Structures are given as structure tokens and as C-alpha cells.
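Colleague: Going down the list, the protein sequences come from chains P, B, A and L.
Taking the working numbering, the leading residue of the first sequence gets 150, the next gets one more, and so forth.
Taking the working numbering, the leading residue of the second sequence gets 531, the next gets one more, and so forth.
Taking the working numbering, the leading residue of the third sequence gets 15, the next gets one more, and so forth.
Taking the working numbering, the leading residue of the fourth sequence gets 1268, the next gets one more, and so forth.
Ideal Cβ placement from N, Cα and C applies to all residues, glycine included.
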Amino acid sequence: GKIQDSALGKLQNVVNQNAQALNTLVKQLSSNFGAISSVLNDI
Amino acid sequence: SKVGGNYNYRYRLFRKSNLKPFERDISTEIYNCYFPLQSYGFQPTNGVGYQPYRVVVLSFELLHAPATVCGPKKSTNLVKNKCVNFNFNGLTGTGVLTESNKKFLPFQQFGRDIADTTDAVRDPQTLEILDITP
Amino acid sequence: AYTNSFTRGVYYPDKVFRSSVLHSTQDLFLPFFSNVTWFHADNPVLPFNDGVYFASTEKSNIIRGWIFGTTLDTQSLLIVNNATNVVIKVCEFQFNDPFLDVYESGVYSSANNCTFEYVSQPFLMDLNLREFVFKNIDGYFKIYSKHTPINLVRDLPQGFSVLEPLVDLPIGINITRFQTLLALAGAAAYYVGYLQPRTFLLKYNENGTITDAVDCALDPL
Amino acid sequence: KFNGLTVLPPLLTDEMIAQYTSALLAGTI
Ligand SMILES: *[C@@H]1O[C@H](CO)[C@@H](O[C@@H]2O[C@H](CO)[C@@H](O)[C@H](O)[C@H]2NC(C)=O)[C@H](O)[C@H]1NC(C)=O
Ligand SMILES: *[C@@H]1O[C@H](CO)[C@@H](O[C@@H]2O[C@H](CO)[C@@H](O)[C@H](O)[C@H]2NC(C)=O)[C@H](O)[C@H]1NC(C)=O
Ligand SMILES: *[C@@H]1O[C@H](CO)[C@@H](O)[C@H](O)[C@H]1NC(C)=O
Ligand SMILES: *[C@@H]1O[C@H](CO)[C@@H](O)[C@H](O)[C@H]1NC(C)=O
Ligand SMILES: *[C@@H]1O[C@H](CO)[C@@H](O)[C@H](O)[C@H]1NC(C)=O
Ligand SMILES: *[C@@H]1O[C@H](CO)[C@@H](O)[C@H](O)[C@H]1NC(C)=O
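Next comes the structure, spelled out in C-alpha cells:
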């Protein structure tokens, strides 16, 4: 009955780091890297 | 250079500080004392290579506000729920189009994803918000 | 005089829709909890700097509009109102009793070569907080507004409104000085605050409306 | 989302992990 009241952070770090990794990979598509646009259809 | 007197043209020779891009300065205050403008030669012959050249530069503003100077290409009819190649006001893309409920505020023209790729476009002459689904 | 209590002054930075998204933008916003100047009086002349937040509240309507210029004379944008339309001009005049109060246009506004007009129906017209933002840029003067309904007489109301765009006229002026125009013992509220190139994080909800902002440089949280 | 990312389903479904976890419980007790 006490387990209902009670380490999940060490597991949520897996869910959170995979989310942040994919999100960062998507956001880098907005990066110009010195090109005149981030979207190739513009170029 | 025409002898009818077209050779009035002149350039600024002296200036206090560098002119910014697309900036203008009409002033003729004295620059030990010198007039800040100097006129080109432009007689029926100047010196060789110093002939007057006329110039215009076209600046294309690309603000993504509603576009107002478009190329001569005529529009097509508009297809929904088939994957189609498209060009909206110069936005070239490819996807399946759908009249979409995610209605823009009335001033807005494009929608963007988490990446800069556009997820919706306002059709420029039926004025409906097309979803683009890749 | 000054007043401080505002989380106001956010506006839609892009012409592009975003939804259920938190987005980070650097643009000329009003820094949160800064000092707006407050007057309710005359037609005082003021710096435009990088841009202005303006708002007003009054009995009936008494703000008529605004004057801007590279100098208090040079092409000098005028924006003034009918009952049903704003009407707009770019000319120089010799702005020198520069008011539209009693001594639908006047104030030696003799245009000769420089009108570059605009005229339209969306502006300060009979509806109570007449919020506005003005932002001169190279080739640009995009103006923003929101007619936020309020109950307060003349103290600045705390709360959040995001201004929509209203028009852009490519005036080409490098505006440096600014003034309002009233109409006419009368008094009415107005406020002024200079914009700064702050970074903001904006909360677009599912409707694509900005529901919150955090002024990134305000404080450590 | 559409930018070439894809998340593949695990081979064992959550119900299959429940069945194995149930088998380990039943055996243990
Ligand atoms: C262009 O128009 C402006 C008015 O918008 C003219 O301004 C006048 O300029 C003279 C000096 O040249 C002054 O004495 C007047 O007081 C100005 N009038 C106003 C109402 O400001 C300007 O002269 C015009 N220029 C040309 C070349 O037409
Ligand atoms: C956009 O915002 C409006 C206003 O909050 C939402 O409209 C309401 O939606 C609910 C549920 O459908 C209705 O019960 C209300 O009557 C609607 N209000 C009005 C004034 O029509 C709308 O749902 C929002 N859009 C999205 C996509 O969430
Ligand atoms: C900027 O303002 C100055 C006067 O303050 C003027 O001489 C200059 O021409 C202006 N620049 C432009 C682009 O109008
Ligand atoms: C002009 O735009 C309208 C939409 O406002 C559209 O219905 C109409 O077909 C367009 N004109 C022509 C000649 O197609
Ligand atoms: C605003 O003005 C007051 C003086 O009226 C000043 O003391 C204060 O530092 C200013 N700034 C803020 C954020 O209050
Ligand atoms: C609006 O104002 C202008 C002058 O500023 C005037 O000429 C015009 O007649 C007015 N319009 C109406 C509908 O009264």
C-alpha cells in the first residue's frame, strides 16, 4: 500500500532525452548554416 | 553627353561619414574650404572609359507581406486531397492540399511548422487556408 | 510623469501563423514593467527613437491622430481621422503652433510634391483603451493596434493584449521626432513608451493567438 | 514530424510485457 505513495526521474530522463534529441534535430532544419535560406525550396 | 546640355550630372566628392545602405544625402554645405560635389566631364567625349553609364538597380523586398510584383505566369485551377506540386506567390512546394479549419488571423498569409517548412498557405485568389500535408 | 504597471505592448511579430507553439523572436518590443510617460494634456512633441507604444482613453473620442518627421517640418507623416476613415500623407510642412485644435484638415498642411497617400476604414474610430504601436524601419512603417475595452478613467490598466497589424506604408522617412493631435478645459488620457530590440518568448495557443509572453532579459527567472 | 523522422513500434507490445511480467509473478509466488 505504500508503493502507491512512492525513482521515476531516472526513467523519465530516457523519455525526456529522446524527446529533446529529436526536437533539436528538427529545430536544426531552421538553421541557415550560412546559406541565404533555411528552406531548400527558397534556394 | 549630348550638346543640348545633358551633362549637368555630378557626384559627391567629400562626405563627413560613410553613407549607410540605401541612404541619401542632398546637402551642399562647405567641406581649406571646398564645395562637396564635383561634376563629371561628360562632354561629347570624356576621357576614354569615363563615358556616362546609366544605371538602375532593382531591389526585391521579399517581406512575405502580400506579394505585389509578380511574374507573368498565369494561375491554374486548384486541386484538393491529391498530392500535387505547387507554386503559391513564389512559394514552390509539394504536398497534399486540404481546405483547413485551423483558420489564420485575417492579416496572416503563411503558416510554419516546428521547422521553417510551411504547413499552410492562404490561396491568393480563392482566399481559403490550404493545409499542406507532406 | 511616469507609470510602470504594464505587461502590455506585445504584438504579432510575423505575418505567419503558428499554433500550439512556443516561439522565440527578437524584435522591437516594449520592455516589460518599464516606464511609460503619462500626460493627459497641449500637444507635446517627443522623440520617436526606435519606435513607440501609444495608448489613450477618453469620454467620447478626442484623439485625432499623430505627426512624425525626420525633423519638425523634411517629409513628415501625418495620420488623422474622419468619422469613418483614416487619411494619411507624407509631405513636409513648416511644423509653430502645430496642432489641429481650434486656433477636416488644417494646420498649414499645404502639400505640393509629396503626398504618397493612404486612406482606409480600420483605425481609431467610434467604438476604450486605444492601444497602438508604431515601428519605422528601412522602407517601412508597420502600425499595430487593439481597441481593448476597459473601465478605468486614466490610470494605465494592467493586463495582457496583443496588437494585430493595421497597415504598412513604405514612407521611406527616417523619423526622429513625434507628436500627437487632439481636438478641442478638456482632458483625455494618453501614454508613450519607447520600444527596444528585446528577445521575447511567445505562447501561441491552438488558435494561433499569442496568449503569453516572457521578456527574456527582464529578470533571472 | 514529417521531416524524415519516424518512430518504430517495439517488437513486444505492452500487453506482451504484461504477460511476461505476469508469468514471472505467477511463477515466483
Ligand atoms: C515640395 O513641397 C513642400 C511642401 O510640402 C515645399 O515646402 C516649402 O519650401 C519652401 C522653401 O523651398 C518654404 O519656404 C515653404 O515654407 C515650404 N512650405 C511648406 C508648406 O512647408 C517645397 O518647396 C516643395 N519643393 C519643390 C521642389 O516643389
Ligand atoms: C478558437 O477560439 C474560439 C474562441 O475561444 C473557439 O470557439 C469556441 O469553441 C467552443 C468549442 O467548439 C464552442 O463551444 C464555443 O461556442 C466557441 N466560441 C465561439 C465564440 O464561437 C475555437 O474552438 C478555437 N479554435 C480552435 C481550433 O481551438
Ligand atoms: C536621415 O535624416 C537626416 C537628417 O536627420 C537626413 O539628412 C537623411 O537624408 C535621412 N536619411 C534618409 C534615408 O532619408
Ligand atoms: C479575383 O479575386 C477573386 C477573389 O476575391 C476571385 O474570385 C476572382 O476569380 C479573381 N479574378 C479573376 C478574373 O479570376
Ligand atoms: C521609473 O520612474 C521612477 C521615477 O518616477 C524611477 O524611480 C524608476 O527607477 C523608473 N523605473 C522603474 C522600472 O520603475
Ligand atoms: C475626411 O477628411 C478630409 C480632410 O482631412 C475631407 O476632405 C473629407 O471630406 C473627409 N471625409 C468625410 C467622409 O467627411
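For a quick check, are the C-beta atoms of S33(A) and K633(B) less than 8 angstroms apart?
Modeller: Walking along the third sequence from the start, residue 33(A) turns up at place 19. Walking along the second sequence from the start, residue 633(B) turns up at place 103. Contact flag unset, no.
Colleague: Taking buried to mean at least 16 other C-beta atoms within 10 Å of its own C-beta, is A645(B) buried or exposed?
Modeller: Within the second sequence, numbered from 1, the residue matching residue 645(B) stands at position 115. Buried, by the Cβ-count rule.
Colleague: Are there 16 or more other CB atoms within 10 angstroms of the CB of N190(P), so buried, or fewer, so exposed?
Modeller: By one-based count along the first sequence, residue 190(P) stands at place 41. Flag for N190(P) reads exposed.
Colleague: So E178(A) and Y26(A) are supposed to be a Cβ contact under 8 angstroms. How far apart are they, rounded?
Modeller: The residue given as residue 178(A) occupies position 164 in the third sequence. The residue given as residue 26(A) occupies position 12 in the third sequence. Confirmed, about 6 angstroms.
Colleague: Could you pull the start and end residues of the alpha helix (DSSP H) that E629(B) belongs to?
Modeller: Translated into the one-based positions of the second sequence, residue 629(B) becomes position 99. For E629(B), there is no enclosing alpha helix (DSSP H); the enclosing beta strand (DSSP E) has its first and last residue at 621–629.
Colleague: Measuring from each Cβ to the nearest heavy atom of ligand 4, keep the ones under 7 angstroms and list them in chain order.
Modeller: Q655(B), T656(B), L657(B)
Colleague: With 16 as the cutoff for other CB atoms within 10 Å, does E145(A) come out buried or exposed?
Modeller: As a working mapping, residue 145(A) is identified with position 131 in the third sequence. Under this definition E145(A) is a buried residue.
Colleague: Assuming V94(A) and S119(A) make a contact with CB atoms under 8 angstroms, what is their CB distance in whole Å?
Modeller: Start at 1 with the first residue of the third sequence, and residue 94(A) comes out as number 80. Start at 1 with the first residue of the third sequence, and residue 119(A) comes out as number 105. Their Cβ separation, rounded to whole angstroms, is 7 angstroms, which keeps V94(A) and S119(A) in contact under 8 angstroms.
Colleague: Does the beta carbon of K632(B) sit closer than 8 angstroms to a beta carbon anywhere in chain A?
Modeller: Here residue 632(B) is taken as the residue at index 102 of the second sequence, counted from 1. Taking Cβ atoms only, chain A reaches closer than 8 angstroms to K632(B), which makes this a yes.
Colleague: When every heavy atom of ligand 1 is checked, does at least one fall within less than 7 angstroms of the C-beta of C105(A)?
Modeller: On the third sequence, residue 105(A) is found 91 positions in, with the first residue counted as 1. Under cutoff, so the answer is yes.
Colleague: Just to confirm, does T84(A) get its C-beta within under 7 angstroms of one of the non-hydrogen atoms of ligand 6?
Modeller: Translated into positions along the third sequence, residue 84(A) becomes position 70. Not so, every heavy atom of ligand 6 lies at least 7 angstroms from the Cβ.
Colleague: So which residues touch the region around ligand 2, with touch meaning a C-beta under 7 angstroms from any heavy atom?
Modeller: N631(B), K632(B), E220(A), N221(A)
Colleague: So the alpha helix (DSSP H) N172(P) belongs to, where does it begin and stop?
Modeller: Along the first sequence, read from residue 1 onward, the residue named residue 172(P) stands at position 23. It spans 158–176 - the alpha helix (DSSP H) in which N172(P) sits, taken as one unbroken run.
Colleague: Helix, strand or coil: which one does DSSP assign to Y583(B)?
Modeller: Locating residue 583(B) in the second sequence gives position 53, counting from the first residue. Residue state, collapsed to three classes: coil.
Colleague: By alpha-carbon positions, which one of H54(A), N49(A), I187(A) ends up nearest to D555(B)?
Modeller: In the second sequence, the residue the question calls residue 555(B) occupies position 25. Closest in C-alpha terms to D555(B), from the list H54(A), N49(A), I187(A), comes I187(A).
Colleague: Pick helix, strand or coil for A227(A), following the three-state DSSP scheme.
Modeller: Translated into positions along the third sequence, residue 227(A) becomes position 213. Three-state DSSP puts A227(A) in a strand.
Colleague: Quick one: which chain P residues come within Cβ less than 9 angstroms of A645(B)?
Modeller: Position 115 of the second sequence, counted from the start, is the residue given in the question as residue 645(B). Under the 9 angstroms cutoff, chain P gives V175, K176, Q177, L178, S179, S187, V188.
Colleague: Give, in chain order, every residue of the segment 161–178 of chain A whose Cβ lies closer than 7 angstroms to some Cβ of chain B.
Modeller: Listed in sequence order: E178.
Colleague: Where does the unbroken alpha helix (DSSP H) through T647(B) begin, and where does it stop?
Modeller: Residue 647(B) sits at position 117 when you count from the first residue of the second sequence. Where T647(B) is concerned, there is no enclosing alpha helix (DSSP H), given that its DSSP letter is neither H nor E.
Colleague: Distance check for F637(B) and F46(A), CA to CA, integer angstroms please.
Modeller: Position 32 of the third sequence, counted from the start, is the residue given in the question as residue 46(A). Position 107 of the second sequence, counted from the start, is the residue given in the question as residue 637(B). One Cα belongs to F46(A), the other to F637(B), and the distance between them is close to 26 angstroms.
Colleague: Might you give, ordered along the chain, the residues of its own chain that have their beta carbon closer than 8 angstroms to the beta carbon of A201(A), omitting 5 neighbours on each side?
Modeller: Looking up residue 201(A) in the third sequence gives position 187. Only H54, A55 meet the Cβ criterion.
Colleague: Is there a Cβ from chain B that is less than 8 angstroms from the Cβ of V66(A)?
Modeller: In the third sequence, the residue the question calls residue 66(A) occupies position 52. Judged by the 8 angstroms Cβ criterion, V66(A) is not in contact with chain B.
Colleague: Could you confirm whether any beta carbon from chain A is found closer than 8 angstroms to the beta carbon of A595(B)?
Modeller: For this step, residue 595(B) is matched to residue 65 along the second sequence. So, interface residue.
Colleague: Tell me whether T98(A) counts as near ligand 6, meaning its Cβ is closer than 7 angstroms to at least one heavy atom of that ligand.
Modeller: Residue 98(A) sits at position 84 when you count from the first residue of the third sequence. Yes, since a heavy atom of ligand 6 falls inside the 7 angstroms radius drawn around the Cβ of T98(A).
Colleague: Who are the Cβ neighbours of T17(A) in its own chain at under 6 angstroms, not counting the five residues just before and after it?
Modeller: The residue labelled residue 17(A) in the question sits at position 3 within the third sequence. Cβ within range, chain order: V50, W52, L170.
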